[PDB]
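Trainee: Structure file my_file06.txt, compact mmCIF, N, CA and C atoms, is pasted below:
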```txt
# COMPACT_ATOMS: atom_id res chain seq x y z
N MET X 1 4.77 -11.82 17.93
CA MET X 1 5.00 -10.81 18.99
C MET X 1 4.92 -9.41 18.39
N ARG X 2 3.71 -8.85 18.40
CA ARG X 2 3.42 -7.60 17.69
C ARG X 2 3.65 -7.78 16.20
N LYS X 3 3.61 -6.68 15.46
CA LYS X 3 3.88 -6.67 14.03
C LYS X 3 3.03 -7.70 13.28
N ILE X 4 1.74 -7.41 13.19
CA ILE X 4 0.80 -8.25 12.47
C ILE X 4 0.48 -7.62 11.12
N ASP X 5 0.00 -8.42 10.17
CA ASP X 5 -0.29 -7.93 8.82
C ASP X 5 -1.52 -7.03 8.82
N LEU X 6 -1.28 -5.74 9.02
CA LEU X 6 -2.36 -4.77 9.21
C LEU X 6 -3.05 -4.37 7.91
N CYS X 7 -2.46 -4.73 6.78
CA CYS X 7 -2.89 -4.20 5.49
C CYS X 7 -3.94 -5.08 4.82
N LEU X 8 -4.26 -6.22 5.41
CA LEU X 8 -5.16 -7.18 4.78
C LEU X 8 -6.61 -6.96 5.17
N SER X 9 -7.51 -7.46 4.33
CA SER X 9 -8.94 -7.37 4.60
C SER X 9 -9.31 -8.37 5.69
N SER X 10 -8.46 -9.38 5.86
CA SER X 10 -8.63 -10.34 6.93
C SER X 10 -8.50 -9.64 8.28
N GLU X 11 -7.80 -8.51 8.27
CA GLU X 11 -7.65 -7.68 9.46
C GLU X 11 -8.61 -6.50 9.42
N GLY X 12 -9.51 -6.51 8.44
CA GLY X 12 -10.51 -5.47 8.33
C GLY X 12 -10.00 -4.21 7.66
N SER X 13 -9.05 -4.36 6.75
CA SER X 13 -8.53 -3.23 6.00
C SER X 13 -8.80 -3.42 4.50
N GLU X 14 -9.62 -2.55 3.92
CA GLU X 14 -9.97 -2.66 2.50
C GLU X 14 -9.31 -1.55 1.69
N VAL X 15 -9.48 -1.60 0.37
CA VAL X 15 -8.89 -0.61 -0.51
C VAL X 15 -9.96 0.28 -1.15
N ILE X 16 -9.60 1.53 -1.39
CA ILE X 16 -10.51 2.53 -1.93
C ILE X 16 -9.74 3.47 -2.87
N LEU X 17 -10.47 4.22 -3.70
CA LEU X 17 -9.89 5.32 -4.49
C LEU X 17 -8.92 4.81 -5.55
N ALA X 18 -9.08 3.56 -5.97
CA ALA X 18 -8.19 2.97 -6.96
C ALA X 18 -8.37 3.64 -8.32
N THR X 19 -7.39 4.47 -8.70
CA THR X 19 -7.44 5.18 -9.98
C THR X 19 -7.59 4.21 -11.14
N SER X 20 -6.71 3.23 -11.19
CA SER X 20 -6.79 2.18 -12.18
C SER X 20 -7.20 0.89 -11.50
N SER X 21 -8.45 0.49 -11.69
CA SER X 21 -8.96 -0.69 -11.01
C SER X 21 -9.53 -1.68 -12.02
N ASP X 22 -8.93 -2.85 -12.07
CA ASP X 22 -9.35 -3.90 -12.99
C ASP X 22 -10.34 -4.82 -12.27
N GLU X 23 -11.30 -5.36 -13.01
CA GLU X 23 -12.33 -6.20 -12.41
C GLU X 23 -11.93 -7.68 -12.47
N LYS X 24 -11.04 -8.01 -13.40
CA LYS X 24 -10.53 -9.37 -13.52
C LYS X 24 -9.13 -9.46 -12.94
N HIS X 25 -8.49 -8.30 -12.80
CA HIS X 25 -7.28 -8.17 -11.99
C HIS X 25 -7.63 -7.34 -10.76
N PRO X 26 -8.34 -7.93 -9.80
CA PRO X 26 -8.99 -7.19 -8.72
C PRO X 26 -8.02 -6.73 -7.63
N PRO X 27 -8.02 -5.42 -7.32
CA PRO X 27 -7.21 -4.85 -6.23
C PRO X 27 -7.49 -5.50 -4.87
N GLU X 28 -8.61 -6.21 -4.78
CA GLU X 28 -8.95 -6.96 -3.57
C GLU X 28 -7.87 -8.00 -3.26
N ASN X 29 -7.11 -8.40 -4.28
CA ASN X 29 -6.04 -9.38 -4.12
C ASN X 29 -4.92 -8.83 -3.24
N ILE X 30 -4.77 -7.51 -3.25
CA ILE X 30 -3.72 -6.84 -2.49
C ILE X 30 -3.90 -7.08 -1.00
N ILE X 31 -5.15 -7.05 -0.57
CA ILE X 31 -5.49 -7.26 0.83
C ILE X 31 -5.88 -8.71 1.07
N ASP X 32 -5.63 -9.54 0.07
CA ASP X 32 -5.96 -10.96 0.13
C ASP X 32 -4.69 -11.78 0.34
N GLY X 33 -3.74 -11.66 -0.58
CA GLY X 33 -2.46 -12.30 -0.40
C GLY X 33 -2.31 -13.61 -1.16
N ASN X 34 -2.97 -13.72 -2.30
CA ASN X 34 -2.77 -14.89 -3.16
C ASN X 34 -1.77 -14.56 -4.27
N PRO X 35 -0.68 -15.35 -4.35
CA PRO X 35 0.43 -15.11 -5.28
C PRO X 35 0.00 -15.07 -6.75
N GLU X 36 -1.03 -15.83 -7.09
CA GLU X 36 -1.48 -15.91 -8.48
C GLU X 36 -2.12 -14.60 -8.94
N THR X 37 -2.47 -13.75 -8.00
CA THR X 37 -3.09 -12.48 -8.33
C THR X 37 -2.20 -11.30 -7.92
N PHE X 38 -2.26 -10.24 -8.70
CA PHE X 38 -1.59 -8.99 -8.38
C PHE X 38 -2.32 -7.83 -9.06
N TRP X 39 -2.09 -6.62 -8.58
CA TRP X 39 -2.71 -5.44 -9.17
C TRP X 39 -1.73 -4.74 -10.09
N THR X 40 -2.11 -4.60 -11.35
CA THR X 40 -1.29 -3.90 -12.33
C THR X 40 -2.12 -2.80 -12.98
N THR X 41 -1.46 -1.72 -13.35
CA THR X 41 -2.15 -0.57 -13.91
C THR X 41 -2.53 -0.81 -15.37
N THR X 42 -3.66 -0.25 -15.77
CA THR X 42 -4.09 -0.31 -17.16
C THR X 42 -3.51 0.87 -17.95
N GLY X 43 -2.69 1.67 -17.28
CA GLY X 43 -2.07 2.81 -17.93
C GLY X 43 -2.52 4.14 -17.35
N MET X 44 -2.64 4.20 -16.03
CA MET X 44 -2.99 5.44 -15.35
C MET X 44 -1.82 5.96 -14.53
N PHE X 45 -1.05 6.87 -15.10
CA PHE X 45 -0.01 7.57 -14.36
C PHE X 45 -0.43 9.01 -14.10
N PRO X 46 -0.36 9.47 -12.84
CA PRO X 46 0.07 8.65 -11.70
C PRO X 46 -1.02 7.69 -11.24
N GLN X 47 -0.64 6.71 -10.46
CA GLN X 47 -1.58 5.72 -9.95
C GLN X 47 -1.64 5.78 -8.43
N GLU X 48 -2.78 6.19 -7.90
CA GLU X 48 -2.93 6.33 -6.47
C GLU X 48 -4.12 5.52 -5.96
N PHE X 49 -4.04 5.13 -4.70
CA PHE X 49 -5.12 4.42 -4.03
C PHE X 49 -4.97 4.55 -2.53
N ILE X 50 -6.08 4.42 -1.82
CA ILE X 50 -6.09 4.55 -0.37
C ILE X 50 -6.41 3.20 0.27
N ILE X 51 -5.74 2.88 1.36
CA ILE X 51 -6.06 1.69 2.12
C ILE X 51 -6.70 2.09 3.44
N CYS X 52 -7.94 1.66 3.63
CA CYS X 52 -8.70 2.01 4.82
C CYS X 52 -8.55 0.96 5.90
N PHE X 53 -7.83 1.30 6.96
CA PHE X 53 -7.70 0.40 8.09
C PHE X 53 -9.00 0.34 8.87
N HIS X 54 -9.75 1.45 8.83
CA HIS X 54 -11.02 1.59 9.56
C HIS X 54 -10.77 1.59 11.07
N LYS X 55 -9.52 1.73 11.46
CA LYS X 55 -9.13 1.61 12.85
C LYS X 55 -7.81 2.33 13.09
N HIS X 56 -7.50 2.58 14.35
CA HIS X 56 -6.24 3.21 14.71
C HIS X 56 -5.17 2.15 14.90
N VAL X 57 -4.25 2.06 13.96
CA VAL X 57 -3.18 1.08 14.02
C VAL X 57 -1.83 1.77 14.18
N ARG X 58 -0.91 1.09 14.85
CA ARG X 58 0.43 1.61 15.05
C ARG X 58 1.38 0.93 14.07
N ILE X 59 1.81 1.68 13.07
CA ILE X 59 2.68 1.14 12.04
C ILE X 59 4.15 1.33 12.42
N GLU X 60 4.91 0.25 12.39
CA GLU X 60 6.33 0.30 12.70
C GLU X 60 7.15 0.06 11.43
N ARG X 61 6.57 -0.69 10.50
CA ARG X 61 7.22 -0.97 9.23
C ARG X 61 6.20 -1.05 8.10
N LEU X 62 6.66 -0.79 6.89
CA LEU X 62 5.88 -1.04 5.69
C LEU X 62 6.63 -2.05 4.84
N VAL X 63 6.06 -3.23 4.67
CA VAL X 63 6.67 -4.25 3.84
C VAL X 63 6.02 -4.23 2.47
N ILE X 64 6.75 -3.75 1.48
CA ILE X 64 6.20 -3.59 0.14
C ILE X 64 6.97 -4.44 -0.86
N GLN X 65 6.28 -5.37 -1.48
CA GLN X 65 6.85 -6.22 -2.52
C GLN X 65 6.19 -5.90 -3.85
N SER X 66 6.87 -5.14 -4.69
CA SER X 66 6.30 -4.70 -5.95
C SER X 66 7.34 -4.74 -7.07
N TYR X 67 6.87 -4.54 -8.29
CA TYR X 67 7.75 -4.52 -9.45
C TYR X 67 7.61 -3.20 -10.19
N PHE X 68 8.66 -2.80 -10.90
CA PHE X 68 8.63 -1.69 -11.87
C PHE X 68 8.56 -0.30 -11.21
N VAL X 69 8.07 -0.24 -9.98
CA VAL X 69 7.86 1.03 -9.28
C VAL X 69 9.12 1.90 -9.26
N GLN X 70 8.93 3.19 -9.53
CA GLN X 70 10.03 4.15 -9.50
C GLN X 70 9.84 5.16 -8.37
N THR X 71 8.83 6.01 -8.50
CA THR X 71 8.56 7.02 -7.49
C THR X 71 7.32 6.65 -6.67
N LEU X 72 7.54 6.27 -5.42
CA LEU X 72 6.45 5.88 -4.54
C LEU X 72 6.20 6.95 -3.49
N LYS X 73 5.14 7.71 -3.69
CA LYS X 73 4.77 8.79 -2.80
C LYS X 73 3.80 8.27 -1.74
N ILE X 74 4.31 8.00 -0.54
CA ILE X 74 3.48 7.47 0.53
C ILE X 74 2.95 8.61 1.40
N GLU X 75 1.63 8.75 1.41
CA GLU X 75 0.97 9.79 2.19
C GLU X 75 0.07 9.13 3.24
N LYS X 76 -0.01 9.70 4.43
CA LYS X 76 -0.76 9.07 5.52
C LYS X 76 -1.86 9.97 6.05
N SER X 77 -2.88 9.35 6.63
CA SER X 77 -3.95 10.07 7.30
C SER X 77 -4.36 9.34 8.56
N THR X 78 -4.64 10.09 9.61
CA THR X 78 -5.14 9.53 10.85
C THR X 78 -6.50 10.14 11.18
N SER X 79 -7.19 10.60 10.14
CA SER X 79 -8.49 11.22 10.30
C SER X 79 -9.59 10.16 10.36
N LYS X 80 -10.83 10.60 10.33
CA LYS X 80 -11.97 9.69 10.32
C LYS X 80 -12.55 9.60 8.91
N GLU X 81 -12.16 10.55 8.08
CA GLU X 81 -12.68 10.66 6.73
C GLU X 81 -11.55 10.52 5.71
N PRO X 82 -11.87 10.30 4.42
CA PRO X 82 -10.88 10.24 3.34
C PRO X 82 -10.27 11.61 3.03
N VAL X 83 -9.88 12.33 4.08
CA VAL X 83 -9.32 13.68 3.96
C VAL X 83 -8.22 13.88 5.00
N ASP X 84 -7.64 15.09 5.01
CA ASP X 84 -6.63 15.48 5.99
C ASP X 84 -5.44 14.52 5.98
N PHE X 85 -4.50 14.78 5.08
CA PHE X 85 -3.36 13.90 4.90
C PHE X 85 -2.04 14.60 5.23
N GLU X 86 -0.99 13.80 5.34
CA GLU X 86 0.37 14.28 5.51
C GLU X 86 1.31 13.45 4.65
N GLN X 87 2.22 14.09 3.94
CA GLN X 87 3.23 13.35 3.20
C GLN X 87 4.14 12.62 4.18
N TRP X 88 4.15 11.30 4.09
CA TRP X 88 4.83 10.48 5.07
C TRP X 88 6.23 10.11 4.59
N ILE X 89 6.28 9.28 3.56
CA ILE X 89 7.55 8.80 3.04
C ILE X 89 7.50 8.63 1.53
N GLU X 90 7.95 9.64 0.81
CA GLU X 90 8.06 9.54 -0.63
C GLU X 90 9.43 8.99 -0.98
N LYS X 91 9.47 7.72 -1.35
CA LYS X 91 10.74 7.05 -1.60
C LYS X 91 10.79 6.50 -3.02
N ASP X 92 11.98 6.49 -3.58
CA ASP X 92 12.20 5.89 -4.88
C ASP X 92 12.50 4.41 -4.71
N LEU X 93 12.05 3.60 -5.66
CA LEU X 93 12.26 2.17 -5.61
C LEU X 93 13.21 1.77 -6.73
N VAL X 94 14.02 0.75 -6.49
CA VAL X 94 15.00 0.31 -7.48
C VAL X 94 14.34 -0.60 -8.51
N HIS X 95 14.61 -0.33 -9.79
CA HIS X 95 14.00 -1.08 -10.88
C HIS X 95 14.29 -2.57 -10.75
N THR X 96 13.27 -3.32 -10.38
CA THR X 96 13.41 -4.75 -10.22
C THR X 96 12.91 -5.51 -11.43
N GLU X 97 13.85 -6.09 -12.13
CA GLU X 97 13.55 -6.92 -13.29
C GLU X 97 13.71 -8.38 -12.94
N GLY X 98 12.60 -9.05 -12.70
CA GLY X 98 12.66 -10.45 -12.33
C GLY X 98 13.21 -10.65 -10.93
N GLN X 99 13.13 -9.61 -10.12
CA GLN X 99 13.65 -9.65 -8.76
C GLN X 99 12.58 -9.25 -7.75
N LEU X 100 12.24 -10.18 -6.87
CA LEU X 100 11.31 -9.89 -5.79
C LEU X 100 11.98 -9.05 -4.72
N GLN X 101 11.76 -7.75 -4.79
CA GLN X 101 12.32 -6.85 -3.81
C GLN X 101 11.32 -6.62 -2.69
N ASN X 102 11.56 -7.26 -1.56
CA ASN X 102 10.77 -7.01 -0.37
C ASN X 102 11.33 -5.79 0.34
N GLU X 103 10.56 -4.72 0.34
CA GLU X 103 11.02 -3.46 0.90
C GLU X 103 10.64 -3.33 2.36
N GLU X 104 11.66 -3.40 3.20
CA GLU X 104 11.52 -3.17 4.62
C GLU X 104 11.63 -1.68 4.89
N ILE X 105 10.49 -1.01 4.95
CA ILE X 105 10.46 0.41 5.22
C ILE X 105 10.24 0.67 6.71
N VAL X 106 11.25 1.17 7.39
CA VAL X 106 11.13 1.46 8.81
C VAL X 106 10.46 2.81 9.02
N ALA X 107 9.14 2.79 9.06
CA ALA X 107 8.37 4.01 9.22
C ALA X 107 7.44 3.89 10.42
N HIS X 108 7.58 4.81 11.35
CA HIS X 108 6.87 4.73 12.62
C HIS X 108 5.79 5.80 12.68
N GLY X 109 4.54 5.37 12.63
CA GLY X 109 3.44 6.31 12.72
C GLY X 109 2.11 5.64 12.96
N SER X 110 1.15 6.41 13.44
CA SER X 110 -0.21 5.91 13.60
C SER X 110 -1.06 6.42 12.44
N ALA X 111 -1.86 5.54 11.86
CA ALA X 111 -2.66 5.91 10.70
C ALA X 111 -3.99 5.18 10.67
N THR X 112 -4.93 5.77 9.95
CA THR X 112 -6.22 5.15 9.70
C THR X 112 -6.41 4.93 8.20
N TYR X 113 -5.77 5.79 7.41
CA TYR X 113 -5.82 5.72 5.96
C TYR X 113 -4.43 5.96 5.38
N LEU X 114 -4.09 5.24 4.32
CA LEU X 114 -2.82 5.44 3.63
C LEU X 114 -3.05 5.62 2.13
N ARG X 115 -2.46 6.65 1.55
CA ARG X 115 -2.60 6.89 0.12
C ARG X 115 -1.27 6.64 -0.58
N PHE X 116 -1.21 5.56 -1.34
CA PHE X 116 -0.02 5.25 -2.13
C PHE X 116 -0.11 5.91 -3.50
N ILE X 117 0.72 6.92 -3.72
CA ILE X 117 0.74 7.60 -5.01
C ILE X 117 1.98 7.21 -5.79
N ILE X 118 1.83 6.26 -6.70
CA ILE X 118 2.93 5.90 -7.57
C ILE X 118 2.95 6.84 -8.76
N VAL X 119 3.78 7.87 -8.66
CA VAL X 119 3.82 8.94 -9.65
C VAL X 119 4.30 8.42 -10.99
N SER X 120 5.43 7.73 -10.98
CA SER X 120 5.98 7.16 -12.20
C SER X 120 6.68 5.85 -11.90
N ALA X 121 6.94 5.08 -12.95
CA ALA X 121 7.64 3.82 -12.83
C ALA X 121 8.64 3.69 -13.96
N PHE X 122 9.56 2.74 -13.84
CA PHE X 122 10.55 2.52 -14.89
C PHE X 122 9.90 1.86 -16.09
N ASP X 123 8.76 1.24 -15.84
CA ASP X 123 7.95 0.66 -16.90
C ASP X 123 6.59 1.33 -16.91
N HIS X 124 5.95 1.37 -18.07
CA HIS X 124 4.63 1.99 -18.19
C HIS X 124 3.53 1.06 -17.68
N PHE X 125 3.94 0.00 -17.01
CA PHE X 125 3.04 -0.87 -16.28
C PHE X 125 3.62 -1.14 -14.90
N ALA X 126 2.88 -0.80 -13.86
CA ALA X 126 3.35 -1.02 -12.50
C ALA X 126 2.43 -1.99 -11.78
N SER X 127 3.01 -2.95 -11.09
CA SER X 127 2.23 -3.97 -10.42
C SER X 127 2.70 -4.18 -8.98
N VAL X 128 1.76 -4.07 -8.06
CA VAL X 128 2.01 -4.37 -6.67
C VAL X 128 1.54 -5.80 -6.39
N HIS X 129 2.38 -6.59 -5.74
CA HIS X 129 2.06 -7.98 -5.52
C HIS X 129 1.64 -8.22 -4.07
N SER X 130 2.32 -7.57 -3.14
CA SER X 130 2.02 -7.74 -1.73
C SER X 130 2.47 -6.53 -0.93
N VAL X 131 1.59 -6.02 -0.08
CA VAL X 131 1.93 -4.95 0.84
C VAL X 131 1.34 -5.26 2.21
N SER X 132 2.10 -4.97 3.25
CA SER X 132 1.63 -5.19 4.60
C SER X 132 2.27 -4.18 5.54
N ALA X 133 1.53 -3.78 6.57
CA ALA X 133 2.07 -2.88 7.56
C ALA X 133 2.37 -3.65 8.83
N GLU X 134 3.59 -3.55 9.31
CA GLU X 134 4.00 -4.28 10.49
C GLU X 134 3.82 -3.43 11.73
N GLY X 135 2.82 -3.78 12.51
CA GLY X 135 2.54 -3.10 13.74
C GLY X 135 1.43 -3.79 14.47
N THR X 136 0.62 -3.05 15.20
CA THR X 136 -0.48 -3.65 15.92
C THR X 136 -1.67 -2.70 15.99
N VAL X 137 -2.86 -3.27 16.16
CA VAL X 137 -4.07 -2.48 16.29
C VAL X 137 -4.14 -1.84 17.67
N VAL X 138 -4.40 -0.54 17.71
CA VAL X 138 -4.48 0.18 18.97
C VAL X 138 -5.93 0.36 19.38
N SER X 139 -6.78 0.68 18.42
CA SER X 139 -8.19 0.91 18.69
C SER X 139 -9.07 0.16 17.70
N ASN X 140 -9.97 -0.67 18.21
CA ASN X 140 -10.99 -1.29 17.37
C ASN X 140 -12.10 -0.29 17.12
N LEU X 141 -12.59 -0.23 15.89
CA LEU X 141 -13.57 0.78 15.51
C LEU X 141 -14.87 0.63 16.30
N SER X 142 -15.42 -0.57 16.30
CA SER X 142 -16.71 -0.83 16.91
C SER X 142 -16.58 -1.27 18.37
N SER X 143 -15.37 -1.19 18.92
CA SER X 143 -15.12 -1.59 20.30
C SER X 143 -13.95 -0.80 20.88
```
So, in terms of structure tokens, how does the structure I just supplied come out?

Mentor:
Amino acid sequence: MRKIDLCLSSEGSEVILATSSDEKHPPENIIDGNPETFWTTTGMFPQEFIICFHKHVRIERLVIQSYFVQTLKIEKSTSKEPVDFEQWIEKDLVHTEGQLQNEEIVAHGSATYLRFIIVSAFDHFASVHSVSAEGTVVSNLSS
């Protein structure tokens, strides 16, 4: 009942602008959702990337399951291009050591692009395992 996984490529949302992008640790896993894979930095602080919904989606929550993250600068865009952004929710994350912290972020906004800027982490390696936006698609791009 509403709140579908808007962040996946299965929903037509891909990733772009990956500062640190591994070819054997593929960021494509982020929008895939296989537990055996995750995106970890090769040592690029800060580490930023954009998620292209390619569509107008209504975000009600951000579910972020990651490790090591300290400063998570969440910036949003509702433009048509990889430009014109607004600082949405820059939040600090609690150092999770062996703890799966599923972050229920109650953030209400419409977006087409999201730029996750992980400025710093408690560890010099930061890994995102799963991220999803809980909401619904408002406008299909080609329809």

Trainee: Can you tell me, as a ChimeraX atom specification, what residues are no more than 7 Å from residue 15 in chain X when counting all atoms listed in the file, ignoring any on the same chain fewer than 3 positions away?

Mentor: /X:18,27-28,31,49-52

Trainee: Considering all atoms listed in the file, can you say which of X:105, X:16, X:121, X:114 comes closest to residue 63 in chain X?

Mentor: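 Of X:105, X:16, X:121, X:114, the one nearest residue 63 in chain X is X:105, counting all atoms listed in the file.
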
Trainee: With only N, CA and C atoms as the basis for distance, which of X:24, X:56, X:95, X:109 is at the shortest distance from residue 137 in chain X?

Mentor: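 For residue 137 in chain X, the nearest of the given residues is X:56.
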
Trainee: Report, in Å with one decimal, the straight-line distance from CA of residue 17 in chain X to CA of residue 2 in chain X.

Mentor: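 Result for CA of residue 17 in chain X versus CA of residue 2 in chain X: 28.9 Å, one decimal.
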
Trainee: Output as a PyMOL selection string all residues of range 94-141 of chain X that backbone DSSP marks as strand (DSSP E).

Mentor: chain X and resi 101-105+109-121+127-139

Trainee: Any chance you can output those residues with N, CA and C atoms as a compact mmCIF listing (two decimals), in the frame of the given file?

Mentor:
```txt
# COMPACT_ATOMS: atom_id res chain seq x y z
N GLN X 101 11.76 -7.75 -4.79
CA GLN X 101 12.32 -6.85 -3.81
C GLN X 101 11.32 -6.62 -2.69
N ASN X 102 11.56 -7.26 -1.56
CA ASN X 102 10.77 -7.01 -0.37
C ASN X 102 11.33 -5.79 0.34
N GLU X 103 10.56 -4.72 0.34
CA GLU X 103 11.02 -3.46 0.90
C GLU X 103 10.64 -3.33 2.36
N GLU X 104 11.66 -3.40 3.20
CA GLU X 104 11.52 -3.17 4.62
C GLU X 104 11.63 -1.68 4.89
N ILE X 105 10.49 -1.01 4.95
CA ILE X 105 10.46 0.41 5.22
C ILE X 105 10.24 0.67 6.71
N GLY X 109 4.54 5.37 12.63
CA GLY X 109 3.44 6.31 12.72
C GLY X 109 2.11 5.64 12.96
N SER X 110 1.15 6.41 13.44
CA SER X 110 -0.21 5.91 13.60
C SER X 110 -1.06 6.42 12.44
N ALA X 111 -1.86 5.54 11.86
CA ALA X 111 -2.66 5.91 10.70
C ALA X 111 -3.99 5.18 10.67
N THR X 112 -4.93 5.77 9.95
CA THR X 112 -6.22 5.15 9.70
C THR X 112 -6.41 4.93 8.20
N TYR X 113 -5.77 5.79 7.41
CA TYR X 113 -5.82 5.72 5.96
C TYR X 113 -4.43 5.96 5.38
N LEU X 114 -4.09 5.24 4.32
CA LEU X 114 -2.82 5.44 3.63
C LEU X 114 -3.05 5.62 2.13
N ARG X 115 -2.46 6.65 1.55
CA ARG X 115 -2.60 6.89 0.12
C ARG X 115 -1.27 6.64 -0.58
N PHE X 116 -1.21 5.56 -1.34
CA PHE X 116 -0.02 5.25 -2.13
C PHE X 116 -0.11 5.91 -3.50
N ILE X 117 0.72 6.92 -3.72
CA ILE X 117 0.74 7.60 -5.01
C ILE X 117 1.98 7.21 -5.79
N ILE X 118 1.83 6.26 -6.70
CA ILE X 118 2.93 5.90 -7.57
C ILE X 118 2.95 6.84 -8.76
N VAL X 119 3.78 7.87 -8.66
CA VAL X 119 3.82 8.94 -9.65
C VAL X 119 4.30 8.42 -10.99
N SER X 120 5.43 7.73 -10.98
CA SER X 120 5.98 7.16 -12.20
C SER X 120 6.68 5.85 -11.90
N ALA X 121 6.94 5.08 -12.95
CA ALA X 121 7.64 3.82 -12.83
C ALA X 121 8.64 3.69 -13.96
N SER X 127 3.01 -2.95 -11.09
CA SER X 127 2.23 -3.97 -10.42
C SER X 127 2.70 -4.18 -8.98
N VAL X 128 1.76 -4.07 -8.06
CA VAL X 128 2.01 -4.37 -6.67
C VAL X 128 1.54 -5.80 -6.39
N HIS X 129 2.38 -6.59 -5.74
CA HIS X 129 2.06 -7.98 -5.52
C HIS X 129 1.64 -8.22 -4.07
N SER X 130 2.32 -7.57 -3.14
CA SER X 130 2.02 -7.74 -1.73
C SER X 130 2.47 -6.53 -0.93
N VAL X 131 1.59 -6.02 -0.08
CA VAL X 131 1.93 -4.95 0.84
C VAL X 131 1.34 -5.26 2.21
N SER X 132 2.10 -4.97 3.25
CA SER X 132 1.63 -5.19 4.60
C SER X 132 2.27 -4.18 5.54
N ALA X 133 1.53 -3.78 6.57
CA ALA X 133 2.07 -2.88 7.56
C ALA X 133 2.37 -3.65 8.83
N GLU X 134 3.59 -3.55 9.31
CA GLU X 134 4.00 -4.28 10.49
C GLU X 134 3.82 -3.43 11.73
N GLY X 135 2.82 -3.78 12.51
CA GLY X 135 2.54 -3.10 13.74
C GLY X 135 1.43 -3.79 14.47
N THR X 136 0.62 -3.05 15.20
CA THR X 136 -0.48 -3.65 15.92
C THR X 136 -1.67 -2.70 15.99
N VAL X 137 -2.86 -3.27 16.16
CA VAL X 137 -4.07 -2.48 16.29
C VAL X 137 -4.14 -1.84 17.67
N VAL X 138 -4.40 -0.54 17.71
CA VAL X 138 -4.48 0.18 18.97
C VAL X 138 -5.93 0.36 19.38
N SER X 139 -6.78 0.68 18.42
CA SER X 139 -8.19 0.91 18.69
C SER X 139 -9.07 0.16 17.70
```

Trainee: Using Å and a single decimal, report how far atom C of residue 61 in chain X sits from atom C of residue 101 in chain X.

Mentor: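 About the pair atom C of residue 101 in chain X and atom C of residue 61 in chain X: they are 13.2 Å apart.
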
Trainee: Just checking: using only C-alpha atoms, which residue out of X:106, X:59, X:126, X:118 ends up closest to residue 74 in chain X?

Mentor: X:118

Trainee: Find the residues near residue 25 in chain X: any atom within 9 Å, counting only C-alpha atoms, skip ones fewer than 5 places away on the same chain, and give them as a PyMOL selection string.

Mentor: chain X and resi 37-40

Trainee: Rank nothing, just name the residue among X:116, X:7, X:127, X:107 nearest to residue 60 in chain X, using only C-alpha atoms.

Mentor: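 For residue 60 in chain X, the nearest of the given residues is X:107.
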
Trainee: Could the centre and edge lengths of an axis-aligned box, enclosing all atoms of range 122-127 of chain X in the file with 4 Å extra on each side, be given in Å to one decimal as lines of an AutoDock Vina configuration file?

Mentor:
```
center_x = 6.4
center_y = -0.7
center_z = -13.6
size_x = 16.3
size_y = 14.9
size_z = 17.2
```

Trainee: Would you mind listing what lies within 7 Å of residue 89 in chain X as a list in words, with all atoms listed in the file counted and same-chain residues fewer than 6 positions away left out?

Mentor: residues 72, 73, 74, 75 and 76 of chain X

Trainee: Taking only N, CA and C atoms into account, which of X:66, X:81, X:29, X:133 comes nearest residue 99 in chain X?

Mentor: X:66

Trainee: I'd like the contact shell of residue 33 in chain X - 8 Å cut-off, all atoms listed in the file, skipping same-chain residues fewer than 3 positions apart - returned as an NGL selection string.

Mentor: :X and (8-9 or 28-30 or 36-37 or 129-131)

Trainee: One decimal, Å: what's the distance from atom N of residue 82 in chain X over to CA of residue 143 in chain X, could you say?

Mentor: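 Between these atoms lies a distance of 20.1 Å.
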